[PDB]
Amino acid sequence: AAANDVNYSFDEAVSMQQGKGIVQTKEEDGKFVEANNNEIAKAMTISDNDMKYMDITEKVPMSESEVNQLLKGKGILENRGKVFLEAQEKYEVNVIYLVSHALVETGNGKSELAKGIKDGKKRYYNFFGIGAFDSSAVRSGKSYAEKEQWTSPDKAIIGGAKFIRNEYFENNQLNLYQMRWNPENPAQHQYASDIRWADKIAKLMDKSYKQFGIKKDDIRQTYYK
């Protein structure tokens, strides 16, 4: 019956995002530091061709050749376009979004962490920042990548898409803004602490859209009372 997800005023949501102990970060002087209250408030204000506000739960017409063009020179992700498109079709996840999120998270496919974490005779991979992903967490089995047996790059790509679909898109977090700021339930179930997480992914998405001439899906700009 009720499909009304506009639950809070902006000022109420801001106060929640500023709440006790809540980690919100910003890049400064080469590293991440805690964002202040004004920076958090500015970051969540509603204002890259609105790619942050675009539904990413639909598919785009990108061939494996086109996806591999985006992944050329992208380290461990190079020449994995066919698997990104398996993920798009299996889970109904926009493949330009999926590629853009992986490229931001993995440093263009070239970070040391993107090469995975060893445990016993296996290596675990994680291209989307899902759950805890370091040697401690992997050794102790308190790592989502290990729980889901993401034991190859291809498994991490399919599995990341499955996670995003089942945990975010099926939770009515349908665009980057909602993933980051969850305005229906502020400060809960948010993808990242970086206050410009959405902006980084959206900037790459907009470049890829304009590179291939892709039509934008629905843009939503009303989230608050």
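Numbering starts at 1 and follows the sequence shown.
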Could you bin the unmodelled part of the deposited chain lying between residue 47 and residue 48 as none, 1 to 3, 4 to 9, or 10 or more? 1 to 3
Per the entry, where is the mean C-alpha temperature factor higher: 136-144 or 151-159? 136-144
Greater mean Cα temperature factor according to the PDB record, 110-118 or 72-80: 110-118
Out of 55, 34, 199, 167, which shows the largest CA B-factor listed in the entry? 34
Within this chain, which third does the Cα B-factor at residue 215 fall in: lowest, middle or highest? highest
Residue 192, C-alpha B-factor rank within chain (lowest, middle or highest third): middle
Please place residue 204 in the lowest, middle or highest third of its chain by C-alpha B factor as given in the entry. middle
On the chain's distribution of Cα B-factors, residue 42 falls within the third called highest
Going by the recorded CA B-factors, say which third of the chain residue 16 sits in, lowest, middle or highest. lowest
